[PDB]
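Here are the chains, one letter per residue:
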Amino acid sequence: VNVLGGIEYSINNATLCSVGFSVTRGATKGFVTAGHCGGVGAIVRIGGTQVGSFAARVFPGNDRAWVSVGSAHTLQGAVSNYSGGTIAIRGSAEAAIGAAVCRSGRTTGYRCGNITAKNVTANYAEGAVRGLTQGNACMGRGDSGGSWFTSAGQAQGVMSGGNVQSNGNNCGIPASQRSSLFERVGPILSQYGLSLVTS
Ligand SMILES: *S(=O)(=O)c1ccc(CCN)cc1
């Protein structure tokens, strides 16, 4: 199967999240995502087929993980735009507050907005997660773990949480009322010694 930022994956055949970014660790294939999407060892399926499992995770405190992908599968250094195309990923340079940013995930597809704050703490039900970056692109339950990136292709981070409304998303309110929080990708790559697949 092809691994691509933003696409749906299932965890333990029970819940859903979205791929963050294809990565490698030496010859080992994988992708980064949110830690709250799966406990260690959780079985991951994409496109109706087992592709690997949660290799490591931190959540709460942080909210990060990577899923090691079996060698039979192909990694794509890109993110889906949910209309038949991809956006090439070219690096992980972090963007400043006010910069434009988009995200991609299985519930709301491809959505754009701006970076609006950094080093935010989310008081999730499972506990605090610190150091999150906030944007005002909208998102919904199921987009978690999915890619955040600038249009020029710099990976920002993986979808963590935010102020979803009773319909399960914050797309029904204007961007100015939105709080959509992602875990910065830089520390995930560093902690686990992973390399972005680029194109
Ligand atoms: S994730 O983006 O799919 C996501 C976002 C927000 C929530 C609300 C509970 N913190 C759940 C999952």
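The deposited coordinates for this entry were obtained by X-ray crystallography, with a reported resolution of 1.900 Å.

Chemist: Describe the UniProt feature "active site" (unreviewed entry) in the protein chain, and please don't skip the residues or the numbers.
Modeler: Mapped onto the present numbering, the UniProt feature "active site" (unreviewed entry) falls on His 36, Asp 63 and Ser 144. For this annotated set, covering 109 residues, all C-alpha atoms fall within 10.4 Å of each other, a compact arrangement in space. The residue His 36 is located in the loop between β5 (28-33) and β6 (43-46) in this model. What makes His 36 partly exposed here is its relative accessible area of 27%. What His 36 contacts, discounting residues up to four positions off in sequence, is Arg 57, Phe 59, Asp 63, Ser 144, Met 159 and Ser 160. By secondary structure assignment, the location of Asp 63 is in the loop between β7 (49-58) and β8 (64-69). Other than its neighbours up to four places away in sequence, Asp 63 contacts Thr 33, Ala 34, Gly 35, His 36, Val 58, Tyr 124, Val 129, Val 158, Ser 160 and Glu 183. A distance of 2.7 Å separates a polar atom in the side chain of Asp 63 from a polar atom in the side chain of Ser 160.

Chemist: Could you give an account of the pairing of strand β12 (residues 109-124), naming the residues involved and the relevant values?
Modeler: In the sheet, strand β11 (residues 100-105) pairs with β12 via 6 bridges, with the strands oriented antiparallel. Paired with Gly 105 across the strands is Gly 109, a residue of β12. What sits between the antiparallel neighbours β11 and β12 is a turn of 3 residues. In this structure, β12 lies alongside strand β13 (residues 127-135), joined through 6 bridges in antiparallel fashion. Residue pairing in the sheet places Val 120 in a bridge with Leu 132 of β13. Linking β12 to β13, which pair antiparallel, is a turn of 2 residues.

Chemist: Summarise the site of the ligand; cite the residues concerned and give the values.
Modeler: Near the ligand you find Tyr 124, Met 139, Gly 140, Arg 141, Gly 142, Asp 143, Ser 144, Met 159, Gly 161, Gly 162 and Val 164, and these make up its full shell. A distance of 3.3 Å separates an oxygen atom of the ligand from a polar backbone atom of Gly 140. For the ligand, whose unbound accessible area comes to 340 Å², protein coverage reaches 78%. With 3 residues, strand β15 (residues 155-162) is the single largest residue contributor to the shell around the ligand.

Chemist: Explain the pattern of salt bridges to me, and be specific about the residues and the numbers.
Modeler: Side-chain pairs of opposite charge can arise whenever the charged atoms involved come near each other. With the rule as written, the count across this model stands at 5 salt bridges. The partner of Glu 8 in a salt bridge is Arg 106, and the shortest N-O contact between them spans 2.4 Å. With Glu 8 in strand β2 (residues 8-11) and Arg 106 in the loop between β11 and β12, this residue pair connects regions lying 98 residues apart in the sequence. What makes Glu 8 partly exposed here is its relative accessible area of 36%. With a relative accessible area of 30%, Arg 106 lands in the partly exposed category. Salt-bridge contacts for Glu 94 lead to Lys 118; the nearest nitrogen and oxygen are separated by 2.9 Å. Remark: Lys 118 occurs in strand β12 and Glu 94 occurs in the loop between β10 (86-88) and β11; sequence separation between them is 24 residues. By relative accessible area, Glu 94 is classed as partly exposed at 45%.

What counts and how
- Residues numbered from 1 in each chain as written, not as in the entry; some residues may be left out.
- Heavy atoms only, no water.
- UniProt positions renumbered as here; feature names shortened; annotations may be inferred.
- Helix = DSSP H or I, 4+ residues; strand = E, 2+ residues; numbered from the N terminus.
- Buried < 20%, exposed > 50% of the residue type's maximum accessible area, 1.4 Å probe, protein only.
- Contact = heavy atoms within 4.5 Å.
- Polar contact = N/O pair within 3.5 Å; in protein donor to acceptor, adjacent residues only side chain to side chain.
- Pairing = 2+ DSSP bridges.
- Near = heavy atom within 4 Å.
- Areas by Shrake-Rupley, 256 points an atom, 1.4 Å probe, with all protein chains shown as cover.
- Salt bridge = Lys/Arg side-chain N within 4 Å of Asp/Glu carboxyl O.

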